[PDB]
Amino acid sequence: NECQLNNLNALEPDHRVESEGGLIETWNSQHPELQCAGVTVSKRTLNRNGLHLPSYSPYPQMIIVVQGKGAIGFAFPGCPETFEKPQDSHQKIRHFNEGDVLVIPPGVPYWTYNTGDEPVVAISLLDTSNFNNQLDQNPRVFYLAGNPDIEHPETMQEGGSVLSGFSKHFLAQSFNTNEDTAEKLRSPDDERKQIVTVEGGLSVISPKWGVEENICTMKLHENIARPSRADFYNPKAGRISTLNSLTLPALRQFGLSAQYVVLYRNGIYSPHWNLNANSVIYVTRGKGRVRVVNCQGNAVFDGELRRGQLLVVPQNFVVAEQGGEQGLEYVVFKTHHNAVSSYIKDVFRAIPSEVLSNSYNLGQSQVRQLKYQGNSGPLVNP
Amino acid sequence: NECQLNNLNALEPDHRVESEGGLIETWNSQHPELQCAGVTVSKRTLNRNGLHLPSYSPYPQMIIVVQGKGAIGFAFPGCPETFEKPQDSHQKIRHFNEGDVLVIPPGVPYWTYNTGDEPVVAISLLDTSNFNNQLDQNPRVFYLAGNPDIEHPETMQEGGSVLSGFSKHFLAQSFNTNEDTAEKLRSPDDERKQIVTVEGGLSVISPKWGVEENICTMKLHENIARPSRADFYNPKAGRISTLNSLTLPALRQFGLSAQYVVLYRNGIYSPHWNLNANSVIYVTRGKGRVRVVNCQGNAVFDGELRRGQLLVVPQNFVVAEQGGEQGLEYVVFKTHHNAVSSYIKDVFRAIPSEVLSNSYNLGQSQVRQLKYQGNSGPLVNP
Amino acid sequence: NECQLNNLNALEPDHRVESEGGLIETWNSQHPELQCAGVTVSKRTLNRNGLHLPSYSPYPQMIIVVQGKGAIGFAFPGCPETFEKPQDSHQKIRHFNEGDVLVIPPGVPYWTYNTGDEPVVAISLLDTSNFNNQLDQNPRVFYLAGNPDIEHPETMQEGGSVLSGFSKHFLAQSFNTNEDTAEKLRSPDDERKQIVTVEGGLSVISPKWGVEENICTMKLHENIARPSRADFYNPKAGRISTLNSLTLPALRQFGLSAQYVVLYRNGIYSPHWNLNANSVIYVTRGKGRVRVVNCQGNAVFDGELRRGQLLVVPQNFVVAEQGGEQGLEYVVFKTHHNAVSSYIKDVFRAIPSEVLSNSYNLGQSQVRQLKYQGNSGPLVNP
Amino acid sequence: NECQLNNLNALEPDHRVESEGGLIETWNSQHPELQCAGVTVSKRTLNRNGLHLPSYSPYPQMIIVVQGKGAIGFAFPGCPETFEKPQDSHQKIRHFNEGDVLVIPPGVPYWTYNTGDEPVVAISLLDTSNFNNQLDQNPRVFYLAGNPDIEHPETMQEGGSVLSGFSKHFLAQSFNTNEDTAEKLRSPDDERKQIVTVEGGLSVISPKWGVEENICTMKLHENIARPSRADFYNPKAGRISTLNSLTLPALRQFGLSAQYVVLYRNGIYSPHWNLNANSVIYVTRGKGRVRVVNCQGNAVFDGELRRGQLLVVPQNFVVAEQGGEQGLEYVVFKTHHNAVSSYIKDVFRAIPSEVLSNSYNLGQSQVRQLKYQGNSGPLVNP
Amino acid sequence: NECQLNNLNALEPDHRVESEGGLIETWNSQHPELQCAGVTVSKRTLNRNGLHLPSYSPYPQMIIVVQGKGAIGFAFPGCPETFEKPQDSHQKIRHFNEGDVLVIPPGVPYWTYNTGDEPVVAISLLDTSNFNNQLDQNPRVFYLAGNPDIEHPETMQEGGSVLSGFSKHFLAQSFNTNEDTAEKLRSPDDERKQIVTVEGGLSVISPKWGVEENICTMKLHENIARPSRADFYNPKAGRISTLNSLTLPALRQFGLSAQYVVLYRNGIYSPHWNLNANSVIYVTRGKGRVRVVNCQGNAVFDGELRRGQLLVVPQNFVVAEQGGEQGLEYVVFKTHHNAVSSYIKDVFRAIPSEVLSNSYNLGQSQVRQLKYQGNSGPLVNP
Ligand SMILES: [Mg+2]
Ligand SMILES: [Mg+2]
Ligand SMILES: [Mg+2]
Ligand SMILES: [Mg+2]
Ligand SMILES: [Mg+2]
């Protein structure tokens with residue numbers, strides 16, 4: 001019964017956590033649309049010099065940066081620290097800017113920092129139903145530092161880092177340190193919350209600013225937005241770009257992929273469905289008309305989606321979008337490492353003339369212009 | 001608790017949809033046996049010149065044709081139309097006849113047509129619990145044409161094609177057509193339902209009647225019934241044939257396999273269980289005695305199964321069948337791409353003489369005739 | 001230097017072994033063309049009631065049966081004897097007829113027998129350059145019975161079975177039998193050679209005349225010639241069928257795949273090349289004009305190819321075929337498990353109209369007519 | 001015997017092909033070093049408005065672009081033309097610039113075009129010894145247009161395109177065009193050679209100037225030179241980036257990977273070796289002192305390597321590089337999809353202090369200083 | 001031509017390197033038998049307190065320890081030092097004893113040390129023809145310390161360690177050490193050779209004397225000789241154990257597998273052949289009568305094989321062994337990760353009684369006794 005949805009809604013963030021250095025806004029995971037899709041979303045904003053403290057979660061996250069630029073560090077287990085300075089050593093620092101997609105592995109700690117003047121804004125698809133999460137479907141975030149406010153409040157009906165749950169004496173014995181250091185490790189009077197502000201700026205070792213050439217240095221980010229990455233293009237209607245496991249191989253293990261589409265003013269992304277994955281659309285710019293149809297032939301969504309709105313398009317449901325006067329830009333997260341979609345102009349080319357005539361009571365003259373007259377692709381300029 | 005079944009029943013079709021060109025009969029997916037197995041079944045009949053209109057579903061189906069012959073066309077996404085005629089072009093048309101098994105990929109559109117004089121009869125295993133279905137366990141069928149009656153009525157407590165959910169104006173703009181054509185695409189006064197009748201006959205391009213040598217032309221059908229395909233044979237007891245991923249490689253992605261067994265008059269398919277898959281038996285001809293035993297040692301099915309009846313044999317439960325006076329023929333769908341079974345005569349050969357004596361309080365004289373005296377295989381002539 | 005060949009020849013068999021119940025005609029493996037492809041061919045003929053005695057070779061061979069019908073039996077190591085008669089038992093018997101392709105695994109013993117009236121004619125591609133062959137490019141055939149004449153005598157500069165190299169005494173000890181029997185296993189004064197006649201007939205356990213549901217019963221044959229198997233078709237030019245590892249899974253481990261093409265009177269299989277494999281054409285029926293071009297633009301072969309003839313088309317060389325008065329039919333063996341080709345009409349479609357213009361000094365309109373006119377597939381009807 | 005080389009030389013190009021819109025300079029594939037590595041190199045130059053005409057080769061080539069920017073277009077067999085203009089349509093256009101690496105698949109046609117003012121300089125590693133090449137180690141380049149001079153003439157002891165080997169008549173029939181057009185496809189009196197100038201400019205469909213979301217749109221390029229891509233870094237010595245199949249998945253099927261290292265003034269990339277691959281260094285900027293040692297402890301190479309020079313370091317031979325007055329930058333191509341190296345400082349850490357003592361007659365304290373002092377990574381700042 | 005050998009010889013070591021703490025005896029890699037198999041062998045001996053100094057080679061070697069016990073230590077690139085003492089730290093120490101097989105990866109440094117009183121004797125199969133070796137068939141051994149005599153001098157027509165090819169100055173800079181230490185790393189006047197004696201004893205961190213839970217700690221050894229490991233057994237004839245990639249996963253990447261067979265007084269390992277691999281027998285104890293037959297039915301080897309002797313049995317050649325007065329024990333190395341054999345008693349069972357009759361002119365009853373009498377397994381007790 002989870003996906004027997006009679007109506008679908010254009011959802012915006014329910015909860016908000018203001019922090020010293022930024023802001024986290026979450027969608028409620030209990031919305032029926034998001035339960036069908038088996039995911040929840042989170043919008044994070046890091047202000048200038050904002051440092052999102054190190055954390056991890058038991059499921060993968062696919063994040064698209066829609067504004068600003070910064071650095072992300074992951075702490076891979078037992079991998080060497082290949083960045084060193086004759087003194088501090090640490091692992092590889094990766095740089096991102098807008099249009100990039102980042103992928104966080106299950107259980108791997110990560111931290112991000114805002115490198116520019118403007119605030120970094122990023123929306124994250126928390127894939128809680130992924131086969132790699134062996135707990136349950138509730139969103140969870142384990143923090144290694146600070147005293148964080150609850151990000152997904154609905155999982156309950158301020159908290160602590162995983163280090164505050166241990167005593168300063170066992171932490172002193174455990175990390176061979178003095179009890180004064182051990183005491184600060186459990187963040188006793190920290191009110192900054194999970195995204196702090198680094199005064200003066202942060203300085204880490206980086207060119208742009210053991211060995212292991214294999215797993216310890218795996219690519220975990222790729223740009224999806226830049227115009228030249230288009231896989232489909234019609235200069236009068238728009239462009240589509242696909243990011244999947246053939247581009248970013250780690251996605252084969254996390255089960256996610258994504259598309260970035262851009263529709264020009266009045267451009268149609270004609271009737272289509274995803275064959276093997278649920279999708280989650282997040283509009284990054286503009287507005288336009290979207291119509292989703294289920295198996296009974298009923299439109300379960302029929303209206304305008306606009307910037308800041310989220311819309312779930314379940315597997316096999318037929319979608320169709322059209323950019324408005326300002327055009328429409330959005331990212332589509334899909335829950336498959338290699339999600340494939342299909343569009344109806346293409347299904348008509350593939351079917352014999354006569355089963356098309358007999359199916360829609362069309363003449364050969366009409367089947368022939370359906371089949372060969374366009375605008376072969378999915379992007380239509382009307 | 002889903003598979004803690006105290007009794008199992010020989011099930012026959014609950015619902016029926018009569019159509020112009022044929023008939024669909026479905027088993028209720030809520031029967032407790034079918035819920036344990038995570039599947040439901042459907043029996044489709046296409047009368048002479050019957051055309052099952054194009055549709056797709058979010059899970060794979062494994063179909064065995066038990067009568068007649070026809071053609072099946074699939075519409076694979078972005079693959080070239082390799083059948084062309086100097087004018088109509090379309091994809092590869094595949095031919096089937098009785099004894100064949102067809103496999104429908106998740107989300108891929110397909111249509112079938114009756115090519116002979118007699119009606120085509122086919123029973124389909126709708127694998128709704130497959131990892132590829134990301135919606136929910138309800139059976140769903142999305143139709144690209146016509147106005148279809150509800151095939152699995154129980155999912156609710158006549159419908160439309162996915163194209164009727166869009167307006168004729170957006171369909172005209174979308175497929176670059178005139179509104180008159182766009183109007184027929186949404187099947188406004190079609191009462192023929194999902195299996196129509198093609199008057200005079202259908203004519204598609206076919207010998208018997210881009211490139212892509214890889215994925216676009218993948219084998220999606222294999223005969224399982226013909227006598228010569230037997231993998232096991234005893235001329236006095238019967239034959240067994242296995243169809244799995246080593247024969248049809250696409251099955252590795254859809255998680256199904258099947259066997260076809262034929263028992264001669266009084267032939268026994270002695271005590272056996274499936275190690276890693278639930279099974280669903282559908283009797284195609286004859287009748288015979290079947291006894292299923294659970295882990296408590298109780299017979300949860302003990303009677304005669306006969307043509308038209310369905311029986312679920314859960315994983316690890318011990319089955320044993322015997323053909324009657326007319327013999328017994330059936331197909332067994334299993335929910336694993338390479339399902340393996342094991343029979344007890346073979347387990348006795350594998351166990352040391354003395355753990356067999358100590359286990360059943362047998363003498364060496366008795367263990368030795370158990371171990372070496374037969375009729376080595378699973379088919380016994382009594 | 002082996003594929004730096006400025007001329008290519010249409011080859012016929014060189015040697016001939018006459019047997020009691022058949023004939024074998026081989027192609028010399030020292031021909032430059034055959035050495036480039038790293039393969040050699042052998043045409044076997046089994047007369048009525050002809051039994052080709054059990055044998056194995058250290059490389060895989062792909063065989064197309066061009067006339068007759070028969071049975072083949074393999075002897076897989078350690079697999080159970082699933083065919084039994086309550087008195088003999090043996091492994092699965094497979095049946096074949098014209099149009100079927102058969103794959104014989106490295107080191108697996110096999111025997112064939114003619115079941116029809118007419119002789120079985122089969123041409124076999126021995127892939128001596130295969131990674132599975134750890135000996136050397138010389139064709140080797142190890143016989144388990146009889147006294148065979150060497151089929152490929154070139155790679156030597158009569159013999160016995162492998163059991164004749166053992167004394168009758170040791171063989172009697174080894175198989176726990178008497179000396180009369182151990183002596184007959186050496187084939188002492190057997191002058192029938194490798195293919196014998198079975199007077200009366202051969203009768204084995206078959207429907208049409210332990211486990212393994214997996215590996216011991218793997219599919220080793222598949223029909224490629226039948227019209228309905230066509231993957232590409234134009235009713236005015238001909239058809240092409242592809243047999244690769246997506247159809248027959250064993251092929252992935254053996255490195256072979258094939259095509260069967262049929263061209264009708266004056267049908268053109270327009271200019272094309274194989275991206276990743278060398279191929280060997282064998283004409284099974286008809287006559288046509290074949291052309292092969294190398295990297296210097298030189299037609300290394302330009303003439304008629306008729307039935308019985310063999311032509312090697314090396315990897316990446318551009319071939320084109322045209323059907324004669326009565327059409328042209330041929331099987332193409334390729335040395336890759338999933339061999340892909342490309343045809344030039346199709347690459348013109350893939351390239352921007354302006355690099356085509358600048359490449360061949362063509363006008364916008366002439367480029368326009370090549371890209372979009374025609375005949376979209378590789379089969380052209382002139 | 002091919003890698004039993006007691007001397008190694010820094011190599012420069014031997015031959016030169018002058019074209020209308022560019023230049024090609026090749027390294028003779030008969031040099032002993034190049035023969036050990038089973039590869040040969042080619043430096044291509046496209047002047048402004050230079051179009052390298054469509055061509056394919058039977059092996060993969062990895063290309064690093066060291067100057068300029070341009071567009072590349074591949075022609076994948078059977079894939080749809082997803083870029084379209086309502087009048088041309090063609091496959092995806094990819095853009096590149098300095099620092100990018102590009103992989104050209106076996107048998108896939110490609111063309112490039114210069115989009116900047118300055119010339120594009122690219123050095124290409126032709127991996128003729130690749131398992132995908134079923135012809136022989138001779139470099140082959142099959143052109144679809146023009147009259148090319150042989151780029152690698154050594155492996156022969158001007159030519160035409162592959163279409164010139166066909167008559168204008170058959171080509172007119174084959175592609176359903178007139179003789180005027182069929183004649184121009186042969187490139188009859190074209191003296192421009194393989195790289196032509198496009199007067200005015202080339203204009204194709206691009207954003208920045210059916211499906212497949214999968215295979216037809218696979219990533220074939222990736223930036224390796226940019227500072228931010230560093231995998232190893234020491235701000236006082238230099239950086240190293242690795243490009244392998246965990247970053248670009250196509251590489252797993254082609255057997256290639258690469259590194260880009262930058263050493264600053266006197267920076268040492270301390271003694272190391274590749275465990276599983278031969279490599280080819282090409283200096284892109286600067287000068288440094290390179291040392292290579294074989295299994296006898298003999299420095300087979302010990303001198304300066306400067307820009308434009310090529311040095312082969314065979315598998316397992318220990319190399320060490322030191323940056324000159326102005327540093328040293330170079331790309332290292334390796335013949336494994338995931339090539340791993342090891343550096344000696346790191347193996348000292350892995351070995352017990354006492355086998356190090358007994359191995360080099362060192363005292364506990366000197367062993368102690370080697371294991372734990374320094375500079376932990378491979379880049380040493382002296 | 002390399003495996004077209006009409007005679008096979010039982011081989012003994014040719015060369016001998018005397019060291020301070022051990023001995024190495026090699027087999028000449030130029031023997032025709034060894035060249036057919038593409039391997040060469042080396043018998044190493046470490047006397048009490050013998051340390052074989054750290055070394056690597058570009059191919060994998062499989063080693064069976066036939067006497068003594070010791071410790072081996074590998075140095076995996078970039079892996080953490082998980083054994084530590086609060087003062088040294090190093091990678092995991094593995095212990096071995098007689099009957100164990102060890103696999104040394106391509107390019108991975110290793111050292112061994114004798115921990116018992118008696119000498120460790122180990123015979124190593126160097127697989128120079130391995131796909132992982134990108135240099136050439138000449139055995140290479142790169143030493144990180146000492147001055148070694150060449151173990152395989154045939155493949156050359158004393159030396160130093162790889163660090164001696166570097167000056168003491170650069171080595172001092174590279175590893176941030178003084179010149180006294182950089183100088184001792186070159187091994188200047190070390191006359192002990194590759195295996196030294198450790199006076200007093202060697203003491204490393206071991207229980208019995210970062211992460212990686214995965215790759216850095218992979219299993220590289222496994223006991224094959226112990227009676228309880230038998231895979232086949234007949235108490236009146238002997239036993240056979242198989243070690244392949246289903247037991248030790250690393251082997252799948254190295255192409256090697258092995259067997260250990262023990263025949264008791266007059267036990268026969270009846271006629272058999274390897275389907276997919278060449279093998280090298282080394283007798284570890286006893287004496288027996290070995291027979292090898294080629295494809296012409298000629299016994300290329302027919303005589304006694306005794307302890308210390310080596311015999312190459314090429315792929316598909318039929319071998320048979322019989323134990324002497326005191327039995328016969330031997331290890332068989334095979335050049336496939338999962339090598340399969342077949343024995344003739346078993347193929348008689350797989351074949352129909354009537355093709356056996358016609359094949360060897362046997363009567364129904366004699367065929368009957370071969371198929372079902374005996375001794376079902378490969379070990380026959382006469
Ligand atoms: Mg969409
Ligand atoms: Mg059953
Ligand atoms: Mg051809
Ligand atoms: Mg280097
Ligand atoms: Mg043996």
# chains A, B, ... in the order shown; residues from 1 in each chain; ligands from 1
>>> closest_atom_pairs(of="chain E", to="chain A", cutoff="8 Å", atoms="only C-alpha atoms", output="tab-separated table")
residue	atom	partner	partner_atom	distance
E:77	CA	A:211	CA	6.3
E:78	CA	A:210	CA	3.5
E:79	CA	A:210	CA	6.3
E:80	CA	A:78	CA	6.6
E:210	CA	A:78	CA	3.8
E:211	CA	A:78	CA	4.4
E:212	CA	A:78	CA	6.1
>>> write_last_selection(atoms="N, CA, C and O atoms", output="PDB file, in the first residue's frame")
ATOM      1  N   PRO E  77      51.610  -2.282  -0.308  1.00  0.00           N
ATOM      2  CA  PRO E  77      51.714  -0.856  -0.474  1.00  0.00           C
ATOM      3  C   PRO E  77      50.554  -0.033   0.127  1.00  0.00           C
ATOM      4  O   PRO E  77      49.362  -0.256  -0.124  1.00  0.00           O
ATOM      5  N   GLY E  78      50.923   0.898   1.011  1.00  0.00           N
ATOM      6  CA  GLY E  78      49.958   1.788   1.651  1.00  0.00           C
ATOM      7  C   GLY E  78      49.084   1.289   2.797  1.00  0.00           C
ATOM      8  O   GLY E  78      48.277   2.079   3.270  1.00  0.00           O
ATOM      9  N   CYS E  79      49.245   0.034   3.200  1.00  0.00           N
ATOM     10  CA  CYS E  79      48.500  -0.575   4.265  1.00  0.00           C
ATOM     11  C   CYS E  79      49.021  -0.197   5.636  1.00  0.00           C
ATOM     12  O   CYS E  79      50.222  -0.023   5.738  1.00  0.00           O
ATOM     13  N   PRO E  80      48.263  -0.061   6.733  1.00  0.00           N
ATOM     14  CA  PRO E  80      48.785   0.340   8.029  1.00  0.00           C
ATOM     15  C   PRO E  80      49.528  -0.771   8.742  1.00  0.00           C
ATOM     16  O   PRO E  80      49.297  -1.962   8.495  1.00  0.00           O
ATOM     17  N   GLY E 210      45.616   1.517  11.691  1.00  0.00           N
ATOM     18  CA  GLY E 210      44.406   1.814  10.939  1.00  0.00           C
ATOM     19  C   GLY E 210      43.654   0.537  10.750  1.00  0.00           C
ATOM     20  O   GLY E 210      43.596  -0.230  11.705  1.00  0.00           O
ATOM     21  N   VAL E 211      43.082   0.260   9.582  1.00  0.00           N
ATOM     22  CA  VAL E 211      42.393  -1.001   9.432  1.00  0.00           C
ATOM     23  C   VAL E 211      43.455  -1.919   8.790  1.00  0.00           C
ATOM     24  O   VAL E 211      44.513  -1.981   9.411  1.00  0.00           O
ATOM     25  N   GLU E 212      43.516  -2.760   7.758  1.00  0.00           N
ATOM     26  CA  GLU E 212      42.436  -3.080   6.882  1.00  0.00           C
ATOM     27  C   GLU E 212      42.138  -4.485   7.348  1.00  0.00           C
ATOM     28  O   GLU E 212      42.972  -5.302   7.758  1.00  0.00           O
TER      29      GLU E 212
END
>>> residues_near_ligand(ligand="ligand 5", cutoff="8 Å", atoms="only C-alpha atoms and all ligand atoms", output="list in words")
residues 261, 269, 272, 273, 281, 313, 319, 320, 321 and 332 of chain E
>>> write_last_selection(atoms="N, CA and C atoms", output="PDB file, in the first residue's frame")
ATOM      1  N   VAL E 261      48.684 -35.154  -3.630  1.00  0.00           N
ATOM      2  CA  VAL E 261      48.122 -36.482  -3.610  1.00  0.00           C
ATOM      3  C   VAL E 261      49.118 -37.406  -2.965  1.00  0.00           C
ATOM      4  N   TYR E 269      46.238 -43.803  -9.206  1.00  0.00           N
ATOM      5  CA  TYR E 269      45.422 -42.632  -9.420  1.00  0.00           C
ATOM      6  C   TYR E 269      45.222 -42.905 -10.929  1.00  0.00           C
ATOM      7  N   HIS E 272      43.848 -39.966 -16.098  1.00  0.00           N
ATOM      8  CA  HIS E 272      43.130 -38.702 -16.047  1.00  0.00           C
ATOM      9  C   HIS E 272      43.810 -37.611 -16.828  1.00  0.00           C
ATOM     10  N   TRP E 273      43.181 -36.437 -17.017  1.00  0.00           N
ATOM     11  CA  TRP E 273      43.788 -35.306 -17.707  1.00  0.00           C
ATOM     12  C   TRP E 273      43.214 -34.010 -17.148  1.00  0.00           C
ATOM     13  N   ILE E 281      54.335 -31.579 -11.526  1.00  0.00           N
ATOM     14  CA  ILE E 281      54.397 -32.521 -10.426  1.00  0.00           C
ATOM     15  C   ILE E 281      55.777 -32.423  -9.783  1.00  0.00           C
ATOM     16  N   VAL E 313      53.256 -32.217 -16.853  1.00  0.00           N
ATOM     17  CA  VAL E 313      52.281 -32.950 -17.642  1.00  0.00           C
ATOM     18  C   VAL E 313      51.482 -31.864 -18.313  1.00  0.00           C
ATOM     19  N   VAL E 319      47.524 -38.664 -17.825  1.00  0.00           N
ATOM     20  CA  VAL E 319      48.484 -39.163 -16.848  1.00  0.00           C
ATOM     21  C   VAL E 319      47.899 -40.263 -16.002  1.00  0.00           C
ATOM     22  N   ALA E 320      48.743 -41.099 -15.412  1.00  0.00           N
ATOM     23  CA  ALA E 320      48.296 -42.145 -14.497  1.00  0.00           C
ATOM     24  C   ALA E 320      49.486 -42.386 -13.587  1.00  0.00           C
ATOM     25  N   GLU E 321      49.271 -42.538 -12.261  1.00  0.00           N
ATOM     26  CA  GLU E 321      50.354 -42.758 -11.325  1.00  0.00           C
ATOM     27  C   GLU E 321      50.119 -44.025 -10.509  1.00  0.00           C
ATOM     28  N   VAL E 332      51.072 -31.092  -7.071  1.00  0.00           N
ATOM     29  CA  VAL E 332      50.901 -30.818  -8.478  1.00  0.00           C
ATOM     30  C   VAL E 332      50.581 -29.348  -8.618  1.00  0.00           C
TER      31      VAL E 332
END
>>> residues_near_ligand(ligand="ligand 1", cutoff="12 Å", atoms="only C-alpha atoms and all ligand atoms", output="number ranges by chain")
A: 239-242, 258-263, 268-274, 277-283, 289-292, 311-322, 328-334, 339-343, 378-379
>>> residues_around(residues="residue 169 of chain E", least_positions_apart="3", cutoff="10 Å", atoms="only C-alpha atoms", output="list in words")
residues 166, 172, 173, 174, 177, 178, 179, 180, 182 and 183 of chain E
>>> write_last_selection(atoms="C-alpha atoms", output="mmCIF file, in the first residue's frame")
data_model
loop_
_atom_site.group_PDB
_atom_site.id
_atom_site.type_symbol
_atom_site.label_atom_id
_atom_site.label_comp_id
_atom_site.auth_asym_id
_atom_site.auth_seq_id
_atom_site.Cartn_x
_atom_site.Cartn_y
_atom_site.Cartn_z
ATOM 1 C CA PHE E 166 71.465 4.929 -6.370
ATOM 2 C CA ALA E 172 70.431 10.234 2.167
ATOM 3 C CA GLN E 173 68.262 13.029 0.740
ATOM 4 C CA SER E 174 65.418 10.797 -0.355
ATOM 5 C CA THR E 177 68.932 10.213 6.821
ATOM 6 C CA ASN E 178 72.695 10.708 7.225
ATOM 7 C CA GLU E 179 75.333 9.458 4.823
ATOM 8 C CA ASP E 180 76.505 6.694 7.168
ATOM 9 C CA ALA E 182 72.456 5.944 3.252
ATOM 10 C CA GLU E 183 75.758 4.181 2.568
#
>>> residues_around(residues="residue 255 of chain B", least_positions_apart="3", cutoff="7 Å", atoms="only C-alpha atoms", output="number ranges by chain")
B: 251-252, 335-337
>>> residues_around(residues="residue 188 of chain E", least_positions_apart="6", cutoff="10 Å", atoms="only C-alpha atoms", output="list in words")
residues 360 of chain D; 146, 147, 160 and 164 of chain E
>>> write_last_selection(atoms="N, CA and C atoms", output="compact mmCIF listing (two decimals), in the first residue's frame")
# COMPACT_ATOMS: atom_id res chain seq x y z
N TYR D 360 70.64 -4.63 6.41
CA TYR D 360 71.59 -3.59 6.05
C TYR D 360 72.67 -3.32 7.09
N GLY E 146 71.25 -6.59 0.52
CA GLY E 146 72.30 -7.56 0.16
C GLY E 146 72.90 -7.54 -1.25
N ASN E 147 73.77 -8.52 -1.55
CA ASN E 147 74.37 -8.62 -2.88
C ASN E 147 74.11 -10.04 -3.28
N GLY E 160 73.64 -6.75 -7.55
CA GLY E 160 73.37 -5.98 -6.35
C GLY E 160 71.88 -5.84 -6.08
N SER E 164 71.47 -0.12 -4.46
CA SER E 164 72.89 0.07 -4.77
C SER E 164 73.10 0.87 -6.06
>>> residues_around(residues="residue 26 of chain C", least_positions_apart="6", cutoff="10 Å", atoms="only C-alpha atoms", output="ChimeraX atom specification")
/C:12-17,40-44,123-124,151-153
>>> write_last_selection(atoms="C-alpha atoms", output="compact mmCIF listing (two decimals), in the first residue's frame")
# COMPACT_ATOMS: atom_id res chain seq x y z
CA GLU C 12 38.88 -24.42 -49.85
CA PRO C 13 39.83 -27.58 -47.84
CA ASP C 14 43.37 -28.94 -48.39
CA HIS C 15 43.32 -32.38 -46.71
CA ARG C 16 40.82 -35.24 -46.49
CA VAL C 17 40.47 -38.18 -44.00
CA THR C 40 41.69 -23.19 -38.43
CA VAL C 41 38.53 -24.90 -39.83
CA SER C 42 37.36 -28.48 -40.29
CA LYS C 43 34.28 -29.78 -42.23
CA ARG C 44 32.97 -33.06 -40.80
CA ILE C 123 31.82 -27.03 -40.36
CA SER C 124 33.76 -26.42 -37.16
CA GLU C 151 43.00 -34.54 -39.21
CA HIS C 152 45.51 -31.69 -39.30
CA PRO C 153 48.80 -33.21 -40.55
>>> select_by_dssp(residues="segment 226-364 of chain D", states="strand (DSSP E)", output="VMD selection string")
chain D and resid 232 to 234 238 to 243 257 to 263 268 to 274 279 to 293 301 to 306 310 to 313 318 to 334 341 to 343
>>> atom_distance(atom1="atom CA of residue 324 of chain C", atom2="atom CA of residue 122 of chain C")
23.9 Å
>>> select_by_dssp(residues="segment 123-317 of chain A", states="alpha helix (DSSP H)", output="ChimeraX atom specification")
/A:168-174,179-184,251-254
